[PDB]
Each structure stands twice: as structure tokens, then as C-alpha cells.
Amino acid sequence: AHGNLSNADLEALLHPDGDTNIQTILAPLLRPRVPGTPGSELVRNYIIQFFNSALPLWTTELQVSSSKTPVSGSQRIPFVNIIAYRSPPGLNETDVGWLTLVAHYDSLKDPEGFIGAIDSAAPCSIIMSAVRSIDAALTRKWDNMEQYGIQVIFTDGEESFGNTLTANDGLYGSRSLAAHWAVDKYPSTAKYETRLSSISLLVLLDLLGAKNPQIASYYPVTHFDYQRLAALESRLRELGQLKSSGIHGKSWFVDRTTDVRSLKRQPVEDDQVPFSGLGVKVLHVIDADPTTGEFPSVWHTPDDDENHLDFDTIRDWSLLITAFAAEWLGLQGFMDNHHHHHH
């Protein structure tokens, strides 16, 4: 489901805490975080603690598996997906449809020390920042009260390990989660049948934080959601709320005028593929040239670091995803973050 945001709603998107900004949320992610390593545990527990302190009404959960990789020999490498969710009160969680926002928090193993600032530390911080901004509005609109909640998934083991293309290499966390949630059966009485079927919309963020991204629409079934996202971007650009673009900047959403039945782009293999293959509606927000399909220039090089991040672009992304989630959840009229007893 979804609502419609007034221009006023769009001018009240930022969260009231100016001291906790995206650079602040991003910084502890910008470290090597290969699966199974100490850096993975440090980043994972940073994310969990962020939700536990700043978003205490959310429930956090981990989904754990292990798998051999092309470089692990006989040893199983563990993959730990991080799930956080918040549902409306006095609703059976098994009756809730979830807007589900996703990014991978693991980092590539080769070269040693690889940071992956756009891949996907910055996507992770965009999600974290955005759900922080909408949590206050969700509390307001649920205090006034429909059967939809909000969910984030930070996936482990997205990145492949082997030198050569191998079908079961990569997407370790997303394959395990989809596979497990597809067999997590609800009661017969519940509105939804499985934990997987309760995903109303899966939005996967990947390779964001570079300047001038190009975002194609890859799934007809979510092209309308794509067009809603592009509209919010356009409106924000007009109202001048975008820092990385002037009022006449080019739109990132190259397929925005394309007809759903005219969409002819090959999907990019990534974490949405296991979910999409089992029938989940997925929207894949990934920066990639729409024609060739080639990723940003820093992709999988040492230059994918903090110094090459565009923080104005990252702030625009956070605002855009906040606006998209607020529209989808129908938070129109509940975005005011002015503080009472303060002039």
C-alpha cells in the first residue's frame, strides 16, 4: 500500500538530531568486514547496537548459516544476516506486510583491506539514517490509529570469493534467508502464509555514494514503485531540497518515462535475486550504466573509499529513501519534527 506526500511533508524529512548525521552513522562501517573475521563482528554489533539504542521500539534478529567457499577449503565460513523490524501495535506480527529495505554489509575479501565505501557501507548508512527519520512519524501515526510494518535486512556474504564465475558462489546470506523464510510457515489463521510471503516490497540498495548515479528499472512488477521513487526525487529537486543537484540537474532515474511493458533491461545479479526467484516483489536501486551495465569506476578497486564518496549525493539518497518509505507507509501529515515547549 501507499499514500501521497504534500510539499510540506517533504520539507520536514530530516530527523531532529543534528548531531547524529550520515557521516557519523557511516564512519564505524568504513572498515574491512569480511565474513567470519573480527571486523565482521565489530560492524555487525555496531549496527545491532545502533538499532537497540536509537530505535528501541524495533526488534532485532540474526539469521545464521555457514557455507564452504572457493577459498575456505574444508572450513565453513559463517554468514550472519541482521534483521530489524517494527510493526504497528496490537497487530499480530504474522498479519503484517513489510516494506523491506536491504543492503549488504559484508566486504570483498580480495584485495586485502578493501573498504567498499559505496559497496555497500554507504547504502547501509542510508537505510539506517532513513528508518531513524521515519520512526518518529510512525510513532505519531500509530498513536493516532494500516496492516503494514517496516523492516531492514543487512545481508552478509553478498560478495563472491572465487576467481572464476561460479553459480553457488556469492549471495550466501540472501540465499539462506530467502530459503529459510520461505519455509517459515505462519499459522493457518494468519493473513500471510510464510515469513517470505509477508514481504510486501523489497528495496535493495547497492553501489550508492558515487556522484551522478544512473538507476534503471529492472523489474516490471515494481516499475510503478520505481516511478514513485523518481517522482519524489524530481519534486525534491524542484523544491531545492537536493544538495547534489541544481533545480535543472538531470534525473538519476533514467527509466522514469519508460512504459512498464517497454522495460527491456537485464537484471544485475545481486541479493534481490533469491527473493525475486521465490516470488518477492523487488526494486533494485543500484548505480550502473543503463546500456553496458558497468558499475561505477571505483567498483572493486582501492579507490572505493571514504575520500571518493560524495557526501552530498549520500545525503540526497538518505532524504529520498526517507521520502519513499514515508509515502509507502502513508505518513503524510505526520512528518513534523518541531519540538514542543521550544521557540
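In case it trips you up, residue 1 is the first one in the sequence shown, and so on.
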{"query": "Residue 145 to residue 146: deposited residues without atomic coordinates", "finding": "4 to 9"}
{"query": "Mean Cα B-factor comparison, 272 to 280 or 22 to 30, giving the higher one as deposited", "finding": "22 to 30"}
{"query": "77 to 85 versus 184 to 192 - greater average Cα B-factor per the deposited record", "finding": "184 to 192"}
{"query": "Most elevated Cα B-factor in the entry, residues 209, 267, 111, 170", "finding": "111"}
{"query": "Residue with maximal Cα B-factor (values as given in the PDB entry) among 151, 125, 244, 155", "finding": "244"}
{"query": "Residue 198, C-alpha B-factor rank within chain (lowest, middle or highest third)", "finding": "middle"}
{"query": "Record-listed C-alpha B factor of residue 318: chain third", "finding": "lowest"}
{"query": "Residue 290 - Cα temperature factor, lowest/middle/highest third of chain", "finding": "highest"}
{"query": "Third assignment of residue 71 from its chain's C-alpha B-factors", "finding": "highest"}
{"query": "Chain-relative CA temperature factor third for residue 106", "finding": "lowest"}
